[PDB]
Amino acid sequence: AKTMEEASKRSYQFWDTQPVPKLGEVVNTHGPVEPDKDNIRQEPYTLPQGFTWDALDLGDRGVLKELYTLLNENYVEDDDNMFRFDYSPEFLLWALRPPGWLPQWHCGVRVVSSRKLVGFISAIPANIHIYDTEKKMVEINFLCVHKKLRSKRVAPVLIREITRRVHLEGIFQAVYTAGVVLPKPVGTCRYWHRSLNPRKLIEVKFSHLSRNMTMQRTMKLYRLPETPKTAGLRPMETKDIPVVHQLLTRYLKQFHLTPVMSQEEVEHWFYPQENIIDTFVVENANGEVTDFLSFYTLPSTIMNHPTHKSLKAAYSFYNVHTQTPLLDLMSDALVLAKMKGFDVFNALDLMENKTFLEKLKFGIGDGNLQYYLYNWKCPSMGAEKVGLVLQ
């Protein structure tokens, strides 16, 4: 189910067993669905015959390559099966080893004979602030199962084991994003797309030539300046971590679903990593960092095309503004993404993004992204109040 009222006809054999609100009920309360567990099951769940759980050590170049191969061939694809995500192995380390990570939270499923890797689910620790409560949670990401093994009960087995792994560490809530519709989204966010290299997107059928438009006008409509216009804009470095932390912490207090990051976590998620995360800050004439922007790089493999293979994309992260308008900040981000060789710039409609989306030639996309909270009952909010970005 991709649209919400098509989920109404469905019935959930597994999500009616889990402590999540029902899709129909209105939520007027703020609290857990079930009590914290006194005893936690000690034995891993039973995988089907010929399969055994593992714990991938991503510090191994060989195991990480296995994880990249598993995701590169079996991860998320578009609705028409044209594009598949292409997370970098260096990207995976960035998003699977933040401060506090645990090896048993990189759960993998292997075949006993081949020792091949046919599944994966992940969990990293995250301090999440939801409405007026601040809860120690985990972010579930990279739920993958091999294509040959699909549609045979293996997905609900992955969810129960990873829950058991995190229940053993005292954490009983969780947060995660998905495109499908499940009980029950606390927020729904629409993707928007800004084309930096419109020639390639049209050739690979990412977008189509609009109503009554030539390529020459479209090439000249989406063109961008050479260099950024904002004064004193430069990449982030070590000396900028404490202030960038301080800027994001106050900026987020207006939204209702945000993270709570320590100075070590801010350094991890925002310090520039080439081909993974790009952060730029704005330093004024008094030597004060007053604004910053950020985007991360996630390309996807172009399928069944003889000449075009990859689709380089940049995803808007967190952009905090205090003395520079958000409109100028995001415009220079497009220019910065154009200089680095991106073909498209994707951004959600969460936070204040709906103010600059239309004005900066962003095109509204087909897909929806849902936000979920495990074991937390709270009233659903609007997309303008979401302040949480995951990879």
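Definition used throughout: the rigid core is the maximal C-alpha set that superposes within 1.5 Å between two forms. Each residue number is its position in the shown sequence, starting from 1.
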**OP:** Superpose on the core, then say which of 234-242 and 308-316 ends up with the larger RMS Cα offset from this form in 7 other deposited structures of this protein.
**Re:** 308-316
Subject >> Higher-scoring stretch by recorded Cα B factor average, 79-87 or 267-275 >> reply: 79-87
**OP:** Could you check which stretch, 312-320 or 148-156, carries the larger mean CA temperature factor in the entry?
**Re:** 148-156
Original post:
Looking at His245, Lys229, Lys136, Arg165, which has the biggest Cα B factor in the entry?
Top reply: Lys229
Original post:
Among the chain's modelled residues, which third holds the C-alpha B-factor of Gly363?
Top reply: highest
Original post:
Against its chain's modelled residues, does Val27's Cα B factor rank lowest, middle or highest third?
Top reply: highest
**OP:** Pull the Cα B-factor of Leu369 out of the PDB entry and bin it into the chain's lowest, middle or highest third.
**Re:** middle
Subject >> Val389, C-alpha B-factor rank within chain (lowest, middle or highest third) >> reply: lowest
Original post:
If you rank the chain by CA B-factor, which third does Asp240 end up in: lowest, middle or highest?
Top reply: middle
